[PDB]
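Novice: In full-length UniProt numbering, the protein residues as written are 861 to 965.
Structure in structure tokens, see below.
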Ligand code: NA
Ligand code: NA
Ligand code: NA
């Protein structure tokens with residue numbers, strides 16, 4: 861029973877570091893896509909904790925527009941994004957504490 865996470869507004873050419881320490885298990889980002897294009901979402905899992913990311917287009921908060929796939933410390937996807945507003949959830953699912961670096965290109 862708590863307030864929703866405060867979404868960090870970013871854009872399609874972003875590199876930003878975050879952390880998921882203790883009870884901070886989810887970070888939310890939002891961005892807009894003006895015209896269809898492939899984008900690249902990559903999260904570097906610096907401490908190798910149990911974390912991932914999922915992405916929703918505003919219009920479908922159930923089916924994922926994309927999701928991260930772990931390749932060593934790189935949790936990535938590259939996919940054609942239709943126009944509109946997106947919500948990106950970077951989150952942990954185990955008891956580890958770690959930092960990460962998010963890129964959107
Ligand atoms: Na955080
Ligand atoms: Na957070
Ligand atoms: Na690596």
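For every residue, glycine included, the Cβ atom is placed at its ideal position computed from N, Cα and C.
What number of angstroms, rounded off, separates the C-alpha of residue 879 from the C-alpha of residue 910?
Specialist: For residue 879 and residue 910, the distance between alpha carbons rounds to 13 Å.
Novice: So residue 893 and residue 926 are supposed to be a Cβ contact under 8 Å. How far apart are they, rounded?
Specialist: In fact, because the Cβ distance is near 12 Å, the residues do not count as touching under 8 Å.
Novice: Nearest by alpha-carbon distance to residue 949: which of 943, 955 and 960 is it?
Specialist: Selected option, being the one with the closest Cα: 960.
Novice: How should residue 931 be labelled, buried or exposed, when 16 other C-beta atoms within 10 angstroms of its C-beta is the threshold for buried?
Specialist: Exposed: under 16 other Cβ atoms inside 10 Å.
Novice: CB of residue 895 to nearest heavy atom of ligand 1: below 6 Å?
Specialist: Flag unset: Cβ of residue 895 not near ligand 1.
Novice: Between which two residues does the beta strand (DSSP E) harbouring residue 963 extend?
Specialist: Residue 963 -> beta strand (DSSP E) spans 958-964.
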